[PDB]
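What follows is the content of entry.csv (CSV, C-alpha atoms and all ligand atoms).
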chain,number,residue,atom,x,y,z
A,8,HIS,CA,-75.6,-9.9,103.0
A,9,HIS,CA,-74.8,-9.6,99.3
A,10,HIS,CA,-71.1,-9.0,99.9
A,11,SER,CA,-71.0,-12.6,101.2
A,18,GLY,CA,-70.8,28.7,104.0
A,19,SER,CA,-73.7,27.5,106.0
A,20,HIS,CA,-76.0,27.4,102.9
A,21,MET,CA,-73.8,25.2,100.7
A,22,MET,CA,-75.1,22.1,99.0
A,23,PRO,CA,-74.8,18.9,101.1
A,24,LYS,CA,-71.9,17.3,99.3
A,25,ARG,CA,-69.9,15.0,101.5
A,26,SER,CA,-66.2,14.1,101.0
A,27,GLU,CA,-65.6,12.5,104.4
A,28,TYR,CA,-67.5,10.6,107.1
A,29,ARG,CA,-66.7,10.8,110.9
A,30,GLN,CA,-66.8,7.5,112.6
A,31,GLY,CA,-70.4,6.6,113.7
A,32,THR,CA,-72.0,8.4,110.8
A,33,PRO,CA,-74.2,6.4,108.5
A,34,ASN,CA,-72.3,6.8,105.2
A,35,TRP,CA,-74.0,4.6,102.6
A,36,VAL,CA,-77.0,2.6,101.7
A,37,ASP,CA,-77.3,-0.2,99.1
A,38,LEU,CA,-80.1,-2.4,97.8
A,39,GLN,CA,-79.6,-6.1,97.3
A,40,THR,CA,-82.3,-7.4,94.9
A,41,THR,CA,-83.6,-10.2,92.8
A,42,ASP,CA,-84.0,-7.9,89.7
A,43,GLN,CA,-81.4,-5.2,89.4
A,44,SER,CA,-82.6,-4.0,86.0
A,45,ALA,CA,-86.2,-3.6,87.3
A,46,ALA,CA,-85.0,-2.0,90.5
A,47,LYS,CA,-83.0,0.6,88.4
A,48,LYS,CA,-86.1,1.6,86.5
A,49,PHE,CA,-88.2,1.9,89.7
A,50,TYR,CA,-85.7,4.1,91.6
A,51,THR,CA,-85.2,6.2,88.5
A,52,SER,CA,-89.0,6.7,88.4
A,53,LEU,CA,-89.0,7.9,92.0
A,54,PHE,CA,-85.7,9.7,92.4
A,55,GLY,CA,-84.3,10.3,88.9
A,56,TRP,CA,-81.1,8.2,89.5
A,57,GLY,CA,-78.8,7.3,86.7
A,58,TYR,CA,-76.3,4.4,87.1
A,59,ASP,CA,-72.6,3.5,86.7
A,60,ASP,CA,-72.2,-0.2,86.5
A,61,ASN,CA,-69.0,-1.6,88.0
A,62,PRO,CA,-67.9,-5.2,87.9
A,68,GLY,CA,-71.8,-9.6,88.9
A,69,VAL,CA,-72.2,-5.9,88.6
A,70,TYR,CA,-72.5,-3.2,91.4
A,71,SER,CA,-74.7,-0.5,90.0
A,72,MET,CA,-73.8,2.9,91.5
A,73,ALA,CA,-76.8,5.2,91.6
A,74,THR,CA,-76.0,8.8,90.6
A,75,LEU,CA,-77.8,12.1,90.7
A,76,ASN,CA,-76.3,15.4,89.5
A,77,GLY,CA,-72.8,13.8,89.1
A,78,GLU,CA,-72.8,12.4,92.7
A,79,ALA,CA,-72.9,8.9,94.2
A,80,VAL,CA,-76.1,8.5,96.3
A,81,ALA,CA,-76.6,4.8,96.7
A,82,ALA,CA,-76.2,1.4,94.9
A,83,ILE,CA,-78.1,-1.5,93.6
A,84,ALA,CA,-76.5,-5.0,93.9
A,85,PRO,CA,-77.6,-8.5,92.8
A,86,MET,CA,-78.4,-11.2,95.3
A,87,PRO,CA,-75.8,-13.8,96.3
A,88,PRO,CA,-76.6,-17.5,96.2
A,89,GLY,CA,-79.3,-18.8,98.6
A,90,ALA,CA,-83.1,-18.8,98.1
A,94,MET,CA,-85.0,-14.1,99.5
A,95,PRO,CA,-86.7,-10.8,100.2
A,96,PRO,CA,-84.7,-7.8,98.7
A,97,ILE,CA,-83.4,-5.4,101.4
A,98,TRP,CA,-82.0,-2.0,101.8
A,99,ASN,CA,-78.7,-2.2,103.7
A,100,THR,CA,-77.1,0.5,105.9
A,101,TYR,CA,-73.4,1.1,106.5
A,102,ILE,CA,-71.8,3.2,109.3
A,103,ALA,CA,-68.4,4.8,108.7
A,104,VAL,CA,-65.5,3.5,110.9
A,105,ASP,CA,-61.8,4.4,111.0
A,106,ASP,CA,-60.5,0.9,111.8
A,107,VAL,CA,-63.1,-1.8,111.0
A,108,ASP,CA,-60.8,-4.6,112.5
A,109,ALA,CA,-60.6,-2.7,115.8
A,110,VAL,CA,-64.4,-2.0,115.9
A,111,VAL,CA,-65.2,-5.7,115.0
A,112,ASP,CA,-63.1,-6.7,118.1
A,113,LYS,CA,-65.7,-4.9,120.3
A,114,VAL,CA,-68.8,-6.5,118.8
A,115,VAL,CA,-69.0,-9.8,120.6
A,116,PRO,CA,-67.9,-8.4,124.0
A,117,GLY,CA,-70.6,-5.7,123.4
A,118,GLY,CA,-73.3,-8.5,123.0
A,119,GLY,CA,-73.6,-8.3,119.2
A,120,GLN,CA,-72.7,-10.8,116.4
A,121,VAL,CA,-70.2,-10.5,113.5
A,122,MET,CA,-72.4,-12.0,110.7
A,123,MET,CA,-69.8,-11.4,108.0
A,124,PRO,CA,-66.2,-11.1,109.1
A,125,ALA,CA,-64.1,-8.1,107.9
A,126,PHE,CA,-62.8,-8.3,104.4
A,127,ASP,CA,-61.6,-6.1,101.6
A,128,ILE,CA,-64.0,-5.1,98.8
A,129,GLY,CA,-61.7,-4.6,95.9
A,130,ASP,CA,-60.0,-1.2,96.6
A,131,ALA,CA,-63.4,0.4,97.5
A,132,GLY,CA,-62.8,-0.3,101.2
A,133,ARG,CA,-63.0,-2.8,104.0
A,134,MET,CA,-66.2,-3.9,105.6
A,135,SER,CA,-67.9,-6.2,108.1
A,136,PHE,CA,-71.6,-6.9,108.5
A,137,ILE,CA,-72.8,-7.1,112.2
A,138,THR,CA,-75.9,-7.3,114.3
A,139,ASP,CA,-76.5,-5.3,117.5
A,140,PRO,CA,-77.7,-7.1,120.6
A,141,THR,CA,-81.4,-6.6,119.5
A,142,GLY,CA,-80.6,-8.3,116.1
A,143,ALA,CA,-80.6,-5.2,113.9
A,144,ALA,CA,-78.0,-5.6,111.1
A,145,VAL,CA,-75.7,-3.0,109.8
A,146,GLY,CA,-72.5,-2.7,107.8
A,147,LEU,CA,-69.2,-1.2,109.2
A,148,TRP,CA,-67.4,0.6,106.4
A,149,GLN,CA,-63.7,1.6,106.4
A,150,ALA,CA,-63.2,3.7,103.3
A,151,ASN,CA,-60.5,3.2,100.8
A,152,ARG,CA,-61.5,4.5,97.3
A,153,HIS,CA,-65.3,4.6,98.1
A,154,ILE,CA,-66.3,6.8,101.0
A,155,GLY,CA,-70.0,6.5,100.8
A,156,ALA,CA,-72.6,9.0,99.5
A,157,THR,CA,-71.1,12.2,98.0
A,158,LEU,CA,-74.5,13.9,98.1
A,159,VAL,CA,-77.1,13.5,100.9
A,160,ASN,CA,-80.2,15.3,102.2
A,161,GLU,CA,-81.2,16.8,98.8
A,162,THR,CA,-84.3,15.5,97.0
A,163,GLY,CA,-83.6,12.0,95.6
A,164,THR,CA,-80.8,11.2,98.1
A,165,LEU,CA,-80.4,9.6,101.5
A,166,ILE,CA,-81.9,11.9,104.2
A,167,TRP,CA,-82.3,9.7,107.4
A,168,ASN,CA,-81.2,6.5,108.9
A,169,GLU,CA,-83.3,5.2,111.7
A,170,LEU,CA,-82.8,2.3,114.0
A,171,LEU,CA,-86.1,0.7,114.7
A,172,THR,CA,-85.7,-1.6,117.6
A,173,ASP,CA,-87.8,-2.9,120.5
A,174,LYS,CA,-84.9,-2.2,123.0
A,175,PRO,CA,-83.5,1.2,122.1
A,176,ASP,CA,-81.3,1.8,125.2
A,177,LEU,CA,-79.8,-1.7,124.9
A,178,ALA,CA,-79.1,-1.2,121.2
A,179,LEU,CA,-77.7,2.3,121.7
A,180,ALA,CA,-75.4,1.2,124.6
A,181,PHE,CA,-73.9,-1.2,122.0
A,182,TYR,CA,-73.3,1.5,119.4
A,183,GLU,CA,-71.7,3.7,122.0
A,184,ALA,CA,-69.4,0.9,123.1
A,185,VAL,CA,-68.4,-0.1,119.6
A,186,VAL,CA,-68.4,3.0,117.4
A,187,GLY,CA,-68.7,5.8,120.0
A,188,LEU,CA,-72.2,7.0,119.0
A,189,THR,CA,-74.1,8.9,121.6
A,190,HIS,CA,-77.7,10.1,121.7
A,191,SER,CA,-80.1,12.4,123.3
A,192,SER,CA,-83.9,12.0,123.8
A,193,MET,CA,-86.7,14.2,122.5
A,201,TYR,CA,-87.4,9.7,120.1
A,202,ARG,CA,-83.6,9.3,120.2
A,203,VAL,CA,-81.3,11.4,118.0
A,204,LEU,CA,-77.9,9.8,117.4
A,205,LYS,CA,-74.7,11.8,117.5
A,206,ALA,CA,-71.2,11.3,116.1
A,207,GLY,CA,-69.4,13.9,118.1
A,208,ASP,CA,-71.5,17.1,117.9
A,209,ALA,CA,-73.3,16.1,114.7
A,210,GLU,CA,-76.8,14.6,114.5
A,211,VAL,CA,-76.5,11.6,112.3
A,212,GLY,CA,-79.7,9.5,112.7
A,213,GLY,CA,-82.5,8.4,114.9
A,214,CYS,CA,-83.8,5.5,116.9
A,215,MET,CA,-87.3,4.5,118.2
A,216,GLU,CA,-89.4,1.4,118.8
A,217,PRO,CA,-91.0,-0.1,115.6
A,218,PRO,CA,-94.5,0.8,114.4
A,219,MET,CA,-96.3,-2.6,114.6
A,220,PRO,CA,-95.8,-6.2,115.8
A,221,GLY,CA,-93.9,-8.3,113.3
A,222,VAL,CA,-91.5,-5.6,112.2
A,223,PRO,CA,-88.0,-7.0,112.8
A,224,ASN,CA,-85.5,-4.8,114.6
A,225,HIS,CA,-83.6,-3.1,111.7
A,226,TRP,CA,-82.0,0.0,110.3
A,227,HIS,CA,-84.6,1.8,108.2
A,228,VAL,CA,-83.7,4.0,105.2
A,229,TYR,CA,-85.3,7.3,104.2
A,230,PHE,CA,-84.8,9.2,100.9
A,231,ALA,CA,-85.7,12.8,100.6
A,232,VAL,CA,-88.6,13.8,98.3
A,233,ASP,CA,-90.4,17.1,97.4
A,234,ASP,CA,-93.9,15.6,97.9
A,235,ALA,CA,-94.4,12.4,99.9
A,236,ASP,CA,-98.0,11.9,98.5
A,237,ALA,CA,-96.9,12.3,94.9
A,238,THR,CA,-94.0,9.9,95.4
A,239,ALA,CA,-96.3,7.3,97.1
A,240,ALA,CA,-98.7,7.5,94.1
A,241,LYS,CA,-95.8,7.2,91.7
A,242,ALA,CA,-94.5,4.1,93.6
A,243,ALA,CA,-97.8,2.3,93.3
A,244,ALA,CA,-98.1,3.3,89.6
A,245,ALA,CA,-94.6,2.0,89.0
A,246,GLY,CA,-95.4,-1.5,90.4
A,247,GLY,CA,-94.4,-1.0,94.0
A,248,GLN,CA,-96.7,-0.8,97.0
A,249,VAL,CA,-97.7,1.8,99.6
A,250,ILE,CA,-97.0,0.1,103.0
A,251,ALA,CA,-97.9,3.1,105.1
A,252,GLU,CA,-99.8,5.9,103.5
A,253,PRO,CA,-98.4,9.5,103.6
A,254,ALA,CA,-98.7,10.9,107.1
A,255,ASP,CA,-97.4,13.8,109.1
A,256,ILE,CA,-94.7,13.6,111.7
A,257,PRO,CA,-95.2,16.8,113.8
A,258,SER,CA,-92.5,19.5,113.4
A,259,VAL,CA,-90.5,17.2,111.1
A,260,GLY,CA,-92.6,16.9,107.9
A,261,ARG,CA,-94.4,14.1,106.1
A,262,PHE,CA,-93.4,10.5,105.2
A,263,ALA,CA,-94.7,7.3,103.5
A,264,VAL,CA,-93.4,3.8,103.8
A,265,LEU,CA,-93.0,2.1,100.4
A,266,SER,CA,-92.0,-1.1,98.7
A,267,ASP,CA,-90.3,-1.5,95.3
A,268,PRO,CA,-91.8,-4.0,92.9
A,269,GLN,CA,-89.4,-6.7,94.2
A,270,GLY,CA,-90.4,-6.2,97.9
A,271,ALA,CA,-87.7,-4.0,99.3
A,272,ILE,CA,-89.0,-1.6,101.9
A,273,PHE,CA,-87.9,2.0,102.5
A,274,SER,CA,-89.4,5.3,103.4
A,275,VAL,CA,-89.6,8.8,101.8
A,276,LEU,CA,-89.5,12.0,103.7
A,277,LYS,CA,-90.5,15.6,102.9
A,278,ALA,CA,-88.8,17.7,105.6
A,279,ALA,CA,-90.5,21.0,106.7
B,1,LIG,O1,-73.3,14.4,109.9
B,1,LIG,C1,-73.2,14.2,108.5
B,1,LIG,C2,-74.5,13.6,108.0
B,1,LIG,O2,-74.3,13.3,106.6
B,1,LIG,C3,-75.7,14.5,108.2
B,1,LIG,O3,-75.5,15.8,107.6
B,1,LIG,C4,-77.0,13.9,107.7
B,1,LIG,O4,-78.1,14.9,107.9
B,1,LIG,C5,-77.3,12.6,108.4
B,1,LIG,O5,-78.6,12.2,108.0
B,2,CL,CL,-87.1,-4.4,84.0
B,3,CL,CL,-100.2,0.4,97.0

Could you spell out this file's structure in structure tokens?
Amino acid sequence: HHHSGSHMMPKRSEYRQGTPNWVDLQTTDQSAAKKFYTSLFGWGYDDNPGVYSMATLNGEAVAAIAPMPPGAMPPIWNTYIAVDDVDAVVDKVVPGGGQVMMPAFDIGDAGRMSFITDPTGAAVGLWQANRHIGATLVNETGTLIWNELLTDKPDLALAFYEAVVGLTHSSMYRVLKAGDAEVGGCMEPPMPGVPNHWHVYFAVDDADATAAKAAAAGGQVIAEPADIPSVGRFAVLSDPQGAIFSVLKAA
């Protein structure tokens, strides 16, 4: 890991524990990644001292792009889940059958985080906010719309998130809940050779158009645009550096 009123706009100023709160990209070429994600999503950036490049859209923080640490590596989109007391949560990880990959530490005055794996090996950050809460805009076009745990052992994984952050779920595909709020999903991965991981979806107006634009911008279409019944339409894409993520047009 690199750190080593119902109709209102979906602004966020707070995250309940268990809610995915943030995604960031660690990459081999920050400059190039910036241009690519601008091409797809229209992001601007605020560089903060390497440099952590905060992606912005309509005056709101939506994600970030970070440089790699030493060692080697394929670029990756990281997911973070909000927690009230990261130290307390971390204390439950090993008893719950997971691993603490990166022990808890303070990131400037942004917050405090740990990087863990669940018992199925899917990695996720635990984020205790100080100055930085996470995304201040979600769901809208160009922003984070869904976080999905792709794992070959959903119930085992989800028992762990219940024990450690209090996430519950219901089946319909598993929809994850932090209290009464739906905050993400979980299912078995699409193909052999896909590691268990937290998958990142950004909202788009037209999955097909975005997929075409991705290829034209030097990325790759990993899974061509396809419909998910009653949900909408998605494509799985790679940026030109190799980082995989999906785009979703919701119906
Ligand atoms: O519960 C708060 C979350 O931000 C939800 O509004 C998003 O839809 C999760 O994807
Ligand atoms: Cl470039
Ligand atoms: Cl392609």

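Residues within 9 Å of residue 209 in chain A, counting all atoms listed in the file and excluding same-chain residues fewer than 4 positions away, are residues 32, 204 and 205 of chain A.
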
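Distance annotation: of A:168, A:238, A:100, A:120, the residue with the minimal separation from ligand LIG 1 (chain B) is A:168; atom set is only C-alpha atoms and all ligand atoms.
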
Shell of 10 Å around range 128-131 of chain A, all atoms listed in the file, local chain residues under 2 positions omitted, as a VMD selection string:
chain A and resid 10 125 to 126 133 to 134 148 to 155

What does the list of residues within 7 Å of ligand CL 2 (chain B) look like if you count all atoms listed in the file, written as a PDB file with C-alpha atoms, keeping the file's coordinate frame?
ATOM      1  CA  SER A  44     -82.600  -4.000  86.000  1.00  0.00           C
ATOM      2  CA  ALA A  45     -86.200  -3.600  87.300  1.00  0.00           C
ATOM      3  CA  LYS A  48     -86.100   1.600  86.500  1.00  0.00           C
TER       4      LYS A  48
END

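By only C-alpha atoms, and with residues fewer than 4 positions from residue 158 in chain A along its chain excluded, the set lying at most 9 Å from it is residues 22, 23, 24, 25, 26, 75, 76, 78, 79, 80, 164 and 165 of chain A.
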
What residues have any atom no more than 6 Å from ligand LIG 1 (chain B) when counting all atoms listed in the file, and can you list them as a PyMOL selection string?
chain A and resi 166-167+209-212

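Going from CA of residue 18 in chain A over to CA of residue 157 in chain A, you cover 17.6 Å.
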
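If you measure from each of A:9, A:47, A:142, A:52 to residue 87 in chain A using only C-alpha atoms, the closest one turns out to be A:9.
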
Find the residues around residue 177 in chain A up to 9 Å (only C-alpha atoms counted), leave out those fewer than 2 positions away in its own chain, and share them as a list in words.
residues 139, 140, 141, 174, 175, 179, 180 and 181 of chain A

Nearest candidate to residue 236 in chain A (options A:265, A:114, A:21, A:222; using only C-alpha atoms):
A:265

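Relative to CA of residue 56 in chain A, CA of residue 203 in chain A is found at 28.7 Å.
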
Ligand CL 3 (chain B) neighbours within 10 Å using only C-alpha atoms and all ligand atoms, as a ChimeraX atom specification:
/A:239-252,265-266
